[PDB]
Amino acid sequence: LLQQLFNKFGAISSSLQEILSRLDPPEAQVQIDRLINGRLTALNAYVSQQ
Amino acid sequence: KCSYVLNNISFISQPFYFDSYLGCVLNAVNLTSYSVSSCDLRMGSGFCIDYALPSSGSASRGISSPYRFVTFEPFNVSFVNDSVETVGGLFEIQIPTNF
Amino acid sequence: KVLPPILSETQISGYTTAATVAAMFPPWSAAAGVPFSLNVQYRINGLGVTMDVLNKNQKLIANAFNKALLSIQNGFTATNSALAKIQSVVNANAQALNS
Amino acid sequence: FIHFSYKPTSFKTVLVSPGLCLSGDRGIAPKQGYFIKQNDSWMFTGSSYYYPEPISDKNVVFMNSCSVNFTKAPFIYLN
Amino acid sequence: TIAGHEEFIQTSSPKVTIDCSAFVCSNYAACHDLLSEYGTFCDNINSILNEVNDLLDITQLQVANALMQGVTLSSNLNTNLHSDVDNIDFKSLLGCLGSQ
Ligand SMILES: *[C@@H]1O[C@H](CO)[C@@H](O)[C@H](O)[C@H]1NC(C)=O
Ligand SMILES: *[C@@H]1O[C@H](CO)[C@@H](O)[C@H](O)[C@H]1NC(C)=O
Ligand SMILES: *[C@@H]1O[C@H](CO)[C@@H](O)[C@H](O)[C@H]1NC(C)=O
Ligand SMILES: *[C@@H]1O[C@H](CO)[C@@H](O)[C@H](O)[C@H]1NC(C)=O
Ligand SMILES: *[C@@H]1O[C@H](CO)[C@@H](O)[C@H](O)[C@H]1NC(C)=O
């Protein structure tokens, strides 16, 4: 479960620090949203298995 | 089949190969007359893979494989040499004398 | 794909053959150490049936056993419940794989 | 959980009877044991240990009839 | 009289294994490159299916252990000769057993 914080899920980077220090606020939203979707999907699958 | 494997899939060198009920086995010796009551590599449908280390005393000059394809048989019945019919009206049975 | 089980079906058939034959023959492991028909007599006697009627009608008890086994065997024809329960497993697996 | 069990170590081969037919055409059956023959005298033994003991009303269950393959023993009118 | 009736109990199911990469991205290298950044979804699917199949194997061994616990047979037993005791016929229930 901790390994899912290092996948990119289609973004340019897995780190939010490296996204927010490189892009405009209108263009960081498209990159942050993919990480949000991937991490919520990983949490959903974990909760189902428990 | 092992013909399909050694013709249409691989072309690399493999000395040990044989066909089996599960499919084509490479790098293992056919030893299904031998039986094993506890296996770590269970292949399905009653077979298993055993690992035999060749030690210093049995120096394999001619090569073999350390992998053997054997039979998995985890449970047995105890047997007695007694009879199954009546020996003159009575039955022949085994009763403990110490515990 | 569907993998084979780790024990074959002839193996499990041998296990149930051993469990059936352990009730009939003179160790009598799965029949409480007594013969089969004596076990049937004591089990009916534990319901409130006297020993005289069971000592008289032993042939009729054996005939009713044979008749019940024959009626079990001739009855797997398209309206059984056990056959429907067996075929529901296979139908469900095939539907899940096709979907 | 620690389970303790009774384990037999030594065995013996005995010829046994599952019931006896007495005078008056009565029957007895052994109560968790077998009927054995010692010195041409019928006797009782348990099923999990070999120890002959006299036939009494603690070892048997009486029957007003007798089964068709019980062993005929007219000598017994014992305890 | 004596009545008889039968009952089926299910103790297993088919053991399905899935190659995640061949299912998602069939034969195409660009699809495999795009799938490589999803990381550990395919490995998670394979690990859960291996857990299910291990549970199936454990229950099969428990059934087989329950059937065979504590049964002692005669070595002189032969289901060709011995298929009947006390006018009750058991030939339809016995398979093959014996040293021949
Ligand atoms: C493997 O060995 C068994 C007996 O050891 C034999 O019956 C079987 O035919 C062998 N398989 C092949 C492919 O030779
Ligand atoms: C029967 O199976 C048991 C399982 O542990 C094994 O120890 C034993 O050696 C086997 N006996 C024979 C005769 O195969
Ligand atoms: C054991 O069985 C063999 C045949 O399987 C028989 O020849 C032998 O006499 C038996 N031994 C005893 C002590 O009963
Ligand atoms: C039972 O076994 C123990 C140890 O194995 C031995 O000391 C004892 O004498 C035995 N008793 C009989 C009756 O064989
Ligand atoms: C009694 O013993 C004879 C002797 O073989 C046998 O044929 C018959 O089936 C037995 N009957 C019963 C009820 O045990």
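Cut-offs applied
- Residues numbered from 1 in each chain as written, not as in the entry; some residues may be left out.
- Chains lettered and ligands numbered in written order.
- Part of a larger assembly, values for the part shown.
- Heavy atoms only, no water.
- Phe/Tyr/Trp six-rings, centres within 6.5 Å; stacked < 30°, edge-to-face > 60°.
- Helix = DSSP H or I, 4+ residues; strand = E, 2+ residues; numbered from the N terminus.
- Buried < 20%, exposed > 50% of the residue type's maximum accessible area, 1.4 Å probe, protein only.
- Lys NZ or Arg CZ within 6 Å of the ring centre and 35° of its normal.
- Contact = heavy atoms within 4.5 Å.
- Axes fitted to C-alpha atoms, helices over the stretch in contact; angles between N-to-C directions.
- Parallel < 35°, antiparallel > 145°, perpendicular 65-115°, else oblique.
- Nonpolar A, V, L, I, M, F, W, Y, C, P; charged D, E, K, R; others polar.

The name the PDB entry assigns to chain E is Spike glycoprotein, from the organism Human coronavirus HKU1. Under its PDB header, the title given for this structure is "1up-2 conformation of HKU1-B S protein after incubation of the receptor".

As annotated in the PDB entry, chain B carries the name Spike glycoprotein and is attributed to Human coronavirus HKU1.

This brings us to the packing of aromatic side chains. Taken as a whole and judged by the stated rule, the model has 13 aromatic pairs over all chains. With a centroid separation of 6.1 Å and an interplanar angle of 75°, the aromatic rings of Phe 36 of chain C and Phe 65 of chain C are classed as edge-to-face. Residue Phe 36 of chain C is located in helix α2 (residues 36–45), and its partner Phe 65 of chain C is located in helix α4 (residues 58–73); the two are separated by 29 residues in the primary sequence. Aromatic side chains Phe 36 of chain C and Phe 90 of chain E sit 5.3 Å apart centroid to centroid with 90° between the ring planes, which places their arrangement in the edge-to-face category. A residue pair is termed interchain when its members come from two chains, as with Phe 36 of chain C in helix α2 and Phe 90 of chain E in the segment after β4 (88–89). Each member of the pair, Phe 36 of chain C as well as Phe 90 of chain E, carries the same accessibility label: buried. Within the aromatic cluster, the residues linked to one another by ring pairs are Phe 9 of chain A together with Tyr 38 and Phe 41 of chain E. The cationic tip of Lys 12 of chain D hangs over the ring face of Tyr 50 of chain D; the distance from NZ or CZ to the ring centre is 5.3 Å. Across from the ring centre of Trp 42 of chain D, 5.1 Å away, lies the NZ or CZ of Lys 37 of chain D, which sits over that ring.

Contacts are most numerous, across the six pairs of chains in contact, for chains C and E. One thing to see here is that chain A and chain B don't touch, and their nearest C-alpha atoms sit 26 Å from each other. Spatially, chain D is disjoint from chain E: no contact exists, and the shortest C-alpha separation is 10 Å.

A separate point is the packing of α2 of chain C against α4 of chain C. All names here are of chain C. For the pair α2 and α4, the least separation of the axes is 12 Å and the interaxial angle reads 100°. Our classification of the angle between α2 and α4 gives roughly perpendicular. For the pair α2 and α4, contact is made by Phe 36, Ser 37, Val 40, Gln 41 and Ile 44 and by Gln 58, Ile 61 and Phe 65, respectively. Of the residues that constitute the contact of α2 with α4, the class distribution is five nonpolar, three polar and no charged.

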